[PDB]
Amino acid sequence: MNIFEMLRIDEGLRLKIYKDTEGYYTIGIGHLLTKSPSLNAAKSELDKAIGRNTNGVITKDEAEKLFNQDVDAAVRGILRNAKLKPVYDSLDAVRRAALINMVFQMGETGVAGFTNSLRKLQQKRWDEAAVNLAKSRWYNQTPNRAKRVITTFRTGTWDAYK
């Protein structure tokens, strides 16, 4: 298992523009196009992102491409964030993937706000971090996915994904 497979399971794959769990226009493997309620804006962002007149539909290779760019960027965002980096550097590989998953979902900014949990992760207090992480809008809005990431941080295994 790896970050790519993990996220492909959490986000799924859709080749036509859809609305995500927050009602925002997205495409491919959880690639957010826009927070605007205009399908046109969405289509415009899509064209711009792929580099062609898409008409709201893309190919699988196209989706994979956005996915790679997006994973790459999440990592880079982590490495550039003063709050995130130290945590990521302290973690094992399985656990790093869970952090990446959260940043991909909520952005660097969002995750950087989980101060208490971040501290607990840094300290390697697995159970305590899991409990704190669960006290969040994130958990309450997407509990199944949140449960999987949380278990992942708790166990340092891919169990939640097999």
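The first residue of the shown sequence is 1; numbering continues from there.
Legend: mean Cα B-factor per stretch from the PDB entry, 88 to 96 versus 71 to 79; the higher mean is in 71 to 79. Mean C-alpha B-factor is higher over 34 to 42 than over the other stretch, the pair under comparison being 124 to 132 and 34 to 42. Each of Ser117, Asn101, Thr26, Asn53 has a CA temperature factor in the record; the biggest one is found at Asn53. Sort the modelled residues of the chain by CA B factor and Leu15 lands in the middle third. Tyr161: CA B factor in the highest third of modelled residues in this chain (values from the PDB entry). Looking at the C-alpha B-factors along this chain, the one for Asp47 belongs to the middle third. Per the deposited record, the Cα B-factor of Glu108 falls in the highest third when ranked against the other modelled residues of its chain.
Sort the chain's modelled residues by C-alpha temperature factor and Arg137 lands in the lowest third, per the entry.
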